[PDB]
Amino acid sequence: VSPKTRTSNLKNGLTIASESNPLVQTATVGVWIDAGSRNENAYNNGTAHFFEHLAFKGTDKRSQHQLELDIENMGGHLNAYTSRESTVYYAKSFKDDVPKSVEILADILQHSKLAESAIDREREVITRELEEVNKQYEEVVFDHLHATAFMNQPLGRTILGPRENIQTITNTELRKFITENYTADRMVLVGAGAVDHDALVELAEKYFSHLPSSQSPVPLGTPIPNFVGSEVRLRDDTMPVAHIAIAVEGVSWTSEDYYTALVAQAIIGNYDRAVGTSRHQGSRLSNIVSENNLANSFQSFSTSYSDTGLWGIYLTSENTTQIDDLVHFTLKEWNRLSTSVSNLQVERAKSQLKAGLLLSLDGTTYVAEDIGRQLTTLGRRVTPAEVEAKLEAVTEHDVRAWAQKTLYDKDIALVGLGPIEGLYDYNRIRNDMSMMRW
Amino acid sequence: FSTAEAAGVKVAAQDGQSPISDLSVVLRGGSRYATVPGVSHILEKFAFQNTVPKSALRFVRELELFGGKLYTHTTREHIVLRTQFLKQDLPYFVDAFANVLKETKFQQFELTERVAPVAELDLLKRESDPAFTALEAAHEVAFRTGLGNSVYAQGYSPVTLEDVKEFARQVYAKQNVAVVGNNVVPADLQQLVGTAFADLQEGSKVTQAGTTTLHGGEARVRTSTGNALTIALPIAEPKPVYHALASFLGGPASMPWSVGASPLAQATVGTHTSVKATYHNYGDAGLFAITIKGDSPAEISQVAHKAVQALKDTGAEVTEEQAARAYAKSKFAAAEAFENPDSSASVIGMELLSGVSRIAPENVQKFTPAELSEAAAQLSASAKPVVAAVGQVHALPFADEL
Amino acid sequence: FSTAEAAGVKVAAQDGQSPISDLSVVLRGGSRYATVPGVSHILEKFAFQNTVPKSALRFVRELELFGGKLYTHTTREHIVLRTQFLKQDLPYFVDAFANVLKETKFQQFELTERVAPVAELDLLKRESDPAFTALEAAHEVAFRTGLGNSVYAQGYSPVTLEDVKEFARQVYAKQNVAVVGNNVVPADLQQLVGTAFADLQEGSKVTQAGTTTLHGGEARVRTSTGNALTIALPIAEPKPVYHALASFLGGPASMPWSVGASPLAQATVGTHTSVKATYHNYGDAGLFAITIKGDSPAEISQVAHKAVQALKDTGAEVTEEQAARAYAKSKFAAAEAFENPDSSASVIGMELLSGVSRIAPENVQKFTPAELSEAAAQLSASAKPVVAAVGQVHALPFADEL
Amino acid sequence: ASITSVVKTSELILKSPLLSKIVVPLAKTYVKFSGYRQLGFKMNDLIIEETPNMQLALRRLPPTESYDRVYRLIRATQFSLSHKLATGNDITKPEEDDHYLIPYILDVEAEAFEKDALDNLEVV
Amino acid sequence: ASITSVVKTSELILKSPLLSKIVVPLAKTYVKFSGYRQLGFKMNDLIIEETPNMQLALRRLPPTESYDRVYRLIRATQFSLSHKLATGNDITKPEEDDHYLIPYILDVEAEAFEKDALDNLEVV
């Protein structure tokens, strides 16, 4: 039984949430923000990512060089990432270096220079990032997947933004973005590891007390997405490996089917030929794929957002004449979530998940990420007892009922990259979303 | 970690407040003890294959019912087999390790179809990073055998089933086995290990064939898949100051989208190259390495010159600020290593299998600017510099140029 | 061979009494002058491809009607293109060489489909012998660039059509071309070269980018395809005594089913290994090598120790008999080299292009036992020994062991 | 007919002033009414490719020319199935209608025809 | 039937003293009249091989056993087409009739059957 997550508020509405571990000597403190690329419009798309670069480019006090030195002297490191719905800025340090790290984070968030000279310098760095993501095939695939599934909607935009915006982002629009979005009621200060909650609340009162509150404070993790069944083909015959993602509209964080979708995802599961145990996994798809050498890997996913999600699978394969078989067998395993699954598969997946959801949290950064994600999506940290109860409530009837309304005979979004000549057209893929025998 | 003994086996455990336990068997069976090249990698990959009580298939299916996970790796010193599971499932995992050490059926088909192909993919994935290759090449030049043996199984020298079975006969013995339990009640683990590992052979301590000898030289691994360069300096007397020096010289940034304030980090400005100084203590010898990877051989060459200069400059004078920055970066590195389960297990494993007491992160020594500059001076004035170049080797520096 | 000049091109010919003539164009374009690794090999393989007057196809079909043959090779110093034909067909062959030097269409499809695949098979055939690989590796360690460039094109460094076309623009010029005619009437050849090569560019002498620098070291080439070891010693002042020393130390047997009476041959007794000492003069530097191949790495190691001892023993004392044996074996080696058309062409080619007057086999100097022992003494006590091991490299010797 | 034949006959016509004066204007109208440019094709994209000689010529195209040809074929196929014509920049302008393939096929055929001749040589 | 089945039932018989006393002599006569030894076969050479399990067992044979099996099949095929029987050393003697393949197929089948069982497990 893990220690209790303590939670306090300030007057402005900043949440402080902490989970102490007296067995470790490091601590991860940081700020989780319920804001991301989705908060931009089409004209300033890319701003949130642009800001993340400038946050480390110097503040009103410390210059770029002083900032570097201050963190070097702390001994740990700082890290940040911007997603579609969430921004994180954290600092991993030693136990007694926590007041330094909180102070630096408070500085870079509230008091950043955003000097025209630095805007102009990063404008090239970010322009170069546009031509080098091209190599990270999984990210290429998932960014096209969002672009097509949520065609012309805010979730469909990339985080980097178009080349055109990168050239026209001003310090004005950067400042406007962080003034509108980085408000106290949307922020959580999180500490995990060797942190005292009461110490962290004092540091919050010292550094984050003059944060703006929004005019209309909605609860944390408050949002209409209209999924488009569609496909993007990025054929490249010179690549040896095909990367394919197939997804349907999935579930939001607060859906009543959130756990049912996780159990269904666990019934299909993951596979990787390079891992020794993967040839012996219980999943039917795993057995088909491994016995027939259909793929190097596959990974089931169930991504959630505040008001929608994508549920599906990501496949990689060198077997370019049997891509059809790989896709066929994958979608026939999905069909069986509607037609055939019983207590046998459901209870096995629940067993595997009850541990999996706890196992994931194995370091201070993972714990901090879990507290931060849960607080900014659900408004609370859900105790393992509650999670165990929600998983236990999933029956085989729930899985079949969910699959029949979410997967069965539904439109898919499909992205293929690489040697995908063998991937059939949209209709033949989408026809595998049902079984004529049922 | 309360160190004890259960039926001749050294057991160290630390209770915690988490639902998740990590149990690791650390074996004195890393590559420095490898009878034939690659055997310690193969033996690692042969863990949790078919045993007499339980098939590999049955083990994996039951592990999924517990939602446990399995992690294995080989170092120059150890083979580490780790399981991660829920606290309550401890007895199952203890018995599983017992079956592996006592009753593994080393079958030829498992070697040909399961173990060797997985070993080969493991290595190919590691080599995708040219910096990995460069640092491996550097150890091979510096030590030749023992520490200079390859960690991984390679194609040019095949490991046979008789090789692996012989090595396992030596390694899988009470004298070469340590059990390390994170978030495991220490009294409960001692009771279980004491019943499960009672019939394990006693065996003898595995030893390195021959003494560690240091050599200088050059390795020129011509690849087409990226460029890297290691500058290593073999150390005959491993001293803890080299940790402080590695962290001082640094190389990686402590901040996104930054270069860093470390001397080696500042050596990369204007280049798309990265750099990392590392120190490897192996008890009886050590290796201080500076690895530079990049897409341009011209830029790598440029950074390599600045890197050697940085080390010479350090040998001249360190400031008090810089010495304190080294203490801070080094204490932090020690702390995170004792937290990470992979490295944690091997640290206590070394304490249990040898007798080298762990240096707790809170007890990491502060080195004065005098002590740091002295350490850097010895390295700049080494009689046996090693340089391993990987990639377009015709365009990378040579030892005599540096 | 009567040296003359015909329209700015150096022509050497020697009339004889045989129906078969050998015409060879020797180009100053070997690998030491290469701009890009492998271009001199590629340019050699691009000879007699499509020219503007005559396609490769038409050339081969017509060559078969004359029953002529075509031989090409690349050295570190030259590209040699030789034709062998009936005496009377001389004008056709002169004109064919003129078309190649003036009018070769270097087409991308020829490079991809014809030239590069043939270059690759050429290299694979040579490398089947591990001794070839070992001696190539040794030059690479000893000289790094220039003489240390690879002779042959390799996959890792792709030669482009622009590379080859640029190099050909330099090499195919009056200043880098010598014509050598064996059993060709010298007056007739001068007349024909003077009309056919008149419109060839004058160009400039191709030069080695940078001076020849000597280095010591080790190369360790892992193959699964047999074992060899070269022990080379770079020579800063090439002297003719090293020929005598190479022939003295010997290595190959001078009669069937025997071992031989040479010090290196006697080092192989009880082993299935062979040995050969060689000396390579390159004008401004040289290389003295001893190559040992065999199927057993243990036996190679054994012979390598005896080989180094033999050289040290030579530095001590050689008898009068042994010095005379060295004169005899060396005169013979010189004579047969001047006879073989392959080596003959390059010998006069070096006299014509470079200016190094040939040493006639009858004028090969007799070295006293004093002079031989002094030469061997200077080699055993070299500051820069090179060792290239090929095969099971973990089991072959290192430089510091020798 | 071989490309070689077509090219040689065309060159005979272009040489003769009279002939060119009457043939070139006709050929330009023919090409306008042909209408392949309205599907974004270049003339050489239409040449039959299912022959050994043409497959060899296509393999010798530089990679960029080859990738662009693939795109024009796919784009024209999509206009064909949709019953639409190109508009704007998809229409091939006369200055873009370059004979990118003709030099490759003429070289392939030159060798093929020389081989046929030389297979029939008679030592005199 | 599976080799597993055959082997298990045979072991039940060999255990029972009564049963073995009456079955073993019959089985030895059966084998003598069967006459596969007169074509130089070993019993295991006759087992049906066109099955995934059997193809996998055959791939796991040591190279020597595999090369010898190939020769016995070729030799038996030549006796069959010639209508001759083995003589001399080509006749399989009872001590040479070893079950070289049985251990491989029993291991392949053990895994195959365990996989089937475990595909039907029910968490309790």
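Residues numbered from 1 in each chain as written, not as in the entry; some residues may be left out. Chains lettered and ligands numbered in written order. Part of a larger assembly, values for the part shown. Heavy atoms only, no water.

**Structural notes on the overall build of chain B**
Scanning chain B from N- to C-terminus turns up 12 helices and 11 strands. Each of the three principal axes of chain B carries a C-alpha extent, and together these read 60 × 45 × 40 Å. Residues classed as buried in chain B amount to 58% of the 402 residues present. Taking the intrachain contacts of chain B between residues at least 6 apart in sequence as the baseline, contacts between residues at least 24 apart amount to 82%. Here chain B has roughly 14,700 Å² of accessible surface; of this, 54% comes from carbon and sulfur atoms. Of note, chain B has its 34 positive side-chain charges centred 1 Å away from the centre of its 42 negative side-chain charges. (Helix = DSSP H or I, 4+ residues; strand = E, 2+ residues; numbered from the N terminus. Buried < 20%, exposed > 50% of the residue type's maximum accessible area, 1.4 Å probe, protein only. Contact = heavy atoms within 4.5 Å. Areas by Shrake-Rupley, 256 points an atom, 1.4 Å probe, with all protein chains shown as cover. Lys, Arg positive; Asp, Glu negative; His and termini not counted. Charge placed at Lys NZ, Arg CZ, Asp CG, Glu CD.)

**Topic: the domain arrangement of chain B**
Residues and elements named next belong to chain B. As far as domains go, chain B holds domain 1 (2-197) and domain 2 (217-401). For domain 1 and domain 2, the distance between their C-alpha centres works out to 28 Å. Contacts between the two partners involve 36 residues from domain 1, matched on the other side by 36 residues from domain 2. Between domain 1 and domain 2 the total buried area reaches about 2,700 Å² when both faces are included, carbon and sulfur atoms providing 71% of it. (Domains from an automatic or database assignment. Buried area = accessible area lost by both parts, 1.4 Å probe.)

**Things to note about the pairing of strand β5 (residues 87-94) of chain A**
Residue and element names in this part refer to chain A. Among the eight residues that make up β5, eight are buried, leaving the element largely enclosed by the rest of the structure. In the sheet, strand β3 (residues 26-33) pairs with β5 via eight bridges, with the strands oriented antiparallel. Among the inter-strand pairings, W32 is bridged to a residue of β5, identified as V88. Alignment of strand β4 (residues 77-82) against β5, held across six bridges, turns out to be antiparallel. Considered in β5, the bridge of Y81 is made with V88. (Pairing = 2+ DSSP bridges.)

**Things to note about helix α12 (residues 369-380) of chain B**
Since the α-helix turns once every 3.6 residues, residues separated by three or four places project in the same direction. Residue and element names in this part refer to chain B. End to end, α12 covers 16 Å across 12 residues, agreeing with the expected 16 Å (1.5 Å per residue, within 8%). What α12 keeps buried is the set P369, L372, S373, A375, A376 and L379. With its buried residues spanning 155 degrees around the axis, α12 presents them on a single face. Packing partners of the buried residues in α12 comprise β8 (227-235), α8 (241-249), β10 (286-294), α9 (297-316) and α10 (320-339). (Expected span 1.5 Å × (residues − 1). Arc of directions from axis to C-beta.)

**Quick word on the arrangement of the chains**
A comparison of contact numbers over the six pairs of chains in contact places chains A and B at the top. The closest approach of any C-alpha atom in chain A to one in chain C is 18 Å; the two make no contact.

**Examining helix α11 (residues 341-353) of chain C**
Residues and elements named next belong to chain C. The end-to-end C-alpha separation of α11 is 18 Å, in line with the 18 Å expected for 13 residues at 1.5 Å each. Listed as buried for α11 are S344, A345, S346, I348, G349, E351, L352 and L353. Residues of α11 that are buried in the fold lie against β1 (2-6), β2 (9-14), β3 (20-27), β5 (79-86), β6 (177-182) and α10 (320-339). The first or second residue beyond α11 is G355, which carries a positive phi of 125 degrees.

**What to know about the packing of helix α2 (residues 56-66) of chain B against helix α5 (residues 102-118) of chain E**
The N-to-C vectors of α2(B) and α5(E) enclose an angle of 15 degrees; their axes lie 10 Å apart at closest approach. The angle between α2(B) and α5(E) places the two elements in the roughly parallel class. Handedness of the α2(B)/α5(E) crossing: right-handed. Between α2(B) and α5(E), the residues in contact are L57(B), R58(B) and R61(B) and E111(E), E114(E), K115(E) and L118(E), respectively. Of the residues belonging to the contact of α2(B) with α5(E), the class tally is two nonpolar, no polar and five charged. (Axes fitted to C-alpha atoms, helices over the stretch in contact; angles between N-to-C directions. Parallel < 35°, antiparallel > 145°, perpendicular 65-115°, else oblique. Left-handed = near helix turned anticlockwise from the far one by under 90°. Nonpolar A, V, L, I, M, F, W, Y, C, P; charged D, E, K, R; others polar.)

**Quick look at the nonpolar core**
Ranked by internal contacts, the top residues of the largest apolar core, which has 52 residues, are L189(C) and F197(C). The biggest single contributor to this core is helix α3 (residues 90-103) of chain C, with nine residues. (Core = buried A, V, L, I, M, F, W, Y, C linked by side-chain atoms within 4.5 Å.)

**Brief notes about the sheet that holds β5(C)**
Residue and element names in this part refer to chain C. Taken together, the six strands give an open sheet; going across it, the order is β1-β2-β6-β3-β5-β4, and neighbouring strands pair in mixed fashion. Among the strands making up the open sheet, the edge pair consists of β1 and β4 (69-74). Adjacent strand axes in the sheet meet at a mean angle of 20 degrees when their direction is disregarded. As defined by bridge partners, β2 adjoins β6 across five bridges and the pair is classed as parallel. Note that in β6 the partner of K10 across the bridge is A178.

**Digging into the environment of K105(B)**
Residue and element names in this part refer to chain B. Topologically, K105 is positioned in the loop between α3 (90-103) and α4 (108-127). Sequence separation of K105 and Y92 is 13 residues, and the distance between their C-alpha atoms is 20 Å. Beyond its immediate sequence surroundings of up to four residues, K105 is in contact with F46, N50, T51, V52 and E110.

**With respect to the packing of aromatic side chains**
Following the criterion strictly, the structure yields 42 aromatic pairs over all chains and no others. With a centroid separation of 5.9 Å and an interplanar angle of 70 degrees, the aromatic rings of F1(B) and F338(B) are classed as edge-to-face. Highlighted residues: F1(B) in the segment before β1 (2-6) and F338(B) in helix α10, separated in sequence by 337 residues. In this structure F338(B) comes out as partly exposed when scored by relative accessible area, which is 23%. An aromatic cluster is built from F48(B), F59(B), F66(B), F85(B), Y92(B), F93(B) and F97(B), whose rings are joined through pairwise contacts. The ring of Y71(B) carries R82(B) above its face, with NZ or CZ at 4.0 Å from the centroid. In this structure, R144(B) is placed above the aromatic ring of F398(C), and the distance from its NZ or CZ to the ring centre is 3.9 Å. (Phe/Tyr/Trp six-rings, centres within 6.5 Å; stacked < 30°, edge-to-face > 60°. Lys NZ or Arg CZ within 6 Å of the ring centre and 35° of its normal.)

**With respect to unusual backbone geometry**
Here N183(B), not a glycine, exhibits a phi torsion of approximately 65 degrees, which is positive. Within the secondary structure, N183(B) is located in the loop between β6 (177-182) and α7 (186-196). What makes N183(B) buried here is its relative accessible area of 4%. For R144(C), which is not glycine, the phi torsion reads 65 degrees and is therefore positive.

**Quick word on the environment of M350(C)**
Residue and element names in this part refer to chain C. Along the chain, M350 turns up in helix α11. C-alpha separation for the pair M350 and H78, spaced 272 residues apart in sequence, amounts to 8.6 Å. The contacts of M350, once residues within four sequence positions are left out, are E77, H78, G355 and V356.

**Structural notes on a nonpolar patch on the surface**
Taken together, the side chains of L65(C), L121(D) and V123(D) present a nonpolar region at the surface, about 280 Å² in accessible area. Structurally, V123(D) can be placed in the segment after α5 (102-118). (Patch = residues over 30% accessible without salt bridge, like charges linked within 9 Å, V, L, I, M, F, W, Y side chains within 5 Å. Salt bridge = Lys/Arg side-chain N within 4 Å of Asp/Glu carboxyl O.)

**As for the pattern of salt bridges**
Enumeration over the complete set of coordinates arrives at 86 salt bridges over all chains. Ionic pairing is found between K45(B) and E44(B), a salt bridge with its closest N-O pair at 3.0 Å. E44(B) matches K45(B) in its accessibility class, with the two residues each being buried. Residues participating in the shared-partner salt-bridge network are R62(A), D70(A), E103(A) and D107(A).

**Overview of the pairing of strand β9 (residues 273-281) of chain B**
It is a general feature of regular strands that their side chains alternate between the two faces of the sheet. All names here are of chain B. Pairing analysis gives nine bridges linking β9 to β10, with the strands arranged antiparallel. Counted as the bridge partner of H280 is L287 from β10. Linking β9 to β10, which pair antiparallel, is a turn of four residues; within it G283 sits at a positive phi near 95 degrees.

**Quick look at the interface of chain A and chain B**
With 49 residues of chain A in contact, the opposing surface of chain B contributes 46 residues. Interface area for chain A against chain B, summed over the two sides, is near 4,100 Å², with a carbon-plus-sulfur share of 63%. Interface area lost by chain A to chain B is led by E72(A), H280(A) and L359(A), which between them contribute 19%. For the pair chain A and chain B, the interface holds one salt bridge. Along the contact surface separating chain A from chain B lie 10 residue pairs in polar contact. Secondary structure elements with two or more residues in the side of chain A that touches chain B: α1 (47-54), α2 (64-74), β4, β5, α4 (116-129) and α12 (343-359) of chain A. At nine residues, the largest contribution of residues to the side of chain A that touches chain B is made by α2(A). Of the residues assigned to the side of chain A that touches chain B, the class counts are 16 nonpolar, 21 polar and 12 charged. (Polar contact = N/O pair within 3.5 Å; in protein donor to acceptor, adjacent residues only side chain to side chain.)

**Considerations on the side chain of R144(C)**
The residue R144(C) is located in the loop between α5 (130-143) and α6 (161-171) in this model. Here the side chain of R144(C) touches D400(B) through a polar contact of 2.7 Å, side chain to side chain. Beyond its immediate sequence surroundings of up to four residues, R144(C) is in contact with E218(B), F398(B), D400(B), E401(B), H139(C), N149(C) and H215(C).

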